[PDB]
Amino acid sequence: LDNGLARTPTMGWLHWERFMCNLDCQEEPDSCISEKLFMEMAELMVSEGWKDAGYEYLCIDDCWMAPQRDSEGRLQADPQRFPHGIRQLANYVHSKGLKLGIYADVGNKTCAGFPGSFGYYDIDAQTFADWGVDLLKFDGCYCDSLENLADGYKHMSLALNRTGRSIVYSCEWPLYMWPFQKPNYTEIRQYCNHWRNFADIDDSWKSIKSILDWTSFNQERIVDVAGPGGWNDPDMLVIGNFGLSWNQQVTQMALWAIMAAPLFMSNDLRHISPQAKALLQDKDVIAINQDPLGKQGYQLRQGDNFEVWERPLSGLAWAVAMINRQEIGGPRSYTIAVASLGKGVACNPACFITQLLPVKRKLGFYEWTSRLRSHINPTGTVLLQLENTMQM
């Protein structure tokens, strides 16, 4: 989408995975979807270093709205949970230096069962712009047919444009298409700044594995269509929650950087370990995700329960990820000729290799003819940056 937005993958926080559709403010006030949750999360995005690291969009997912539209046919904030309305939350969020995302559905109802945007693309798009919304995520539940799904996604895209406000547009068009027919990505790219391809993530190694396996399986179809203004969306970061080991957390962060994924944390910024915070705020790994060249990486090799991924970076640099998919035993040694990495370009005639994950370690100069030797923890990833050089 050529709206001048998302020249790098969008970074921020989205409530869905950690907070879901919790409407019980009486019995579960610390986890219910309320203005207070977003206000508190906004404050901590400033004070705990998240905005400084690049996490800029504070995004509301499903279950923000009243059960019915107002007299004038517009969506309304839930009066109990959002008594001060979207406009005032937008002012609060803007006052902190952050931008506000909101959610809607192409179909007749949102996935949670709240009012769909069909019949109202133009008014809803205009409502969001009045409110001060800077991003829209647009789910695809309760939609008849390819024709509607396609038409709806295309309509809301144009509708948001006609508001002449800068609104990042986040689509689930490809994901709700697979059931009927293979998606067309050059079409989707025209209309959307990013697009969900695969089933919603949850707090599990299994879900991370299933997102990577779908991505590598499908990579010829999706890798080249990604670039500034249009990104593949492999769903939220779930680092800082409950289900992932340290190594599985490193694997998500490493590979979301390799895939030029948008980085939407879904966690509780009020209760996050120092180790999880440091990983999500890792300047060097965020810098790989946010590389201005904006070329998506890919799986180079697989076998013997190992995976090798790489991503081309500006200035003849490459990121390399080595995953150990063996879920038993100890760290396994993997060796590769540096000539095989970065299409033989990265280390011609030499590169300087820095390990970024699981720890940051200068490894030094490798000749084009060198072997790189690593040890990789089970379900973990070693992430390396290769800098092309002639200083050797």
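Superpose the two forms; the largest set of C-alphas matching within 1.5 Å is the rigid core. Numbers for residues come from their place in the sequence shown, where the first is 1.
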Comparing 178-186 and 216-224 where Cα RMS over structures and residues is taken in 7 other deposited structures of this protein (core fit), larger one: 178-186
Mean C-alpha temperature factor, higher of 129-137 and 237-245: 129-137
Quick one: say whether 142-150 or 221-229 has the higher mean Cα B-factor in the deposited entry. 142-150
Highest Cα temperature factor in the entry, among the options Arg311, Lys182, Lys283, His194: which one is it? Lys182
Among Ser207, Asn289, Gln296, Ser71, highest Cα B-factor in the entry goes to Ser71
Would you mind ranking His375 by its C-alpha B-factor against the rest of the chain and naming the third, lowest, middle or highest? middle
If you rank the chain by CA B-factor, which third does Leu316 end up in: lowest, middle or highest? middle
Where the record places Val93 (Cα B-factor, split into thirds across the chain): highest
Can you tell me whether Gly364 has a C-alpha B-factor in the lowest, middle or highest third compared with the other modelled residues of the same chain? middle
C-alpha B factor of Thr8, ranked within the chain: lowest, middle or highest third? lowest
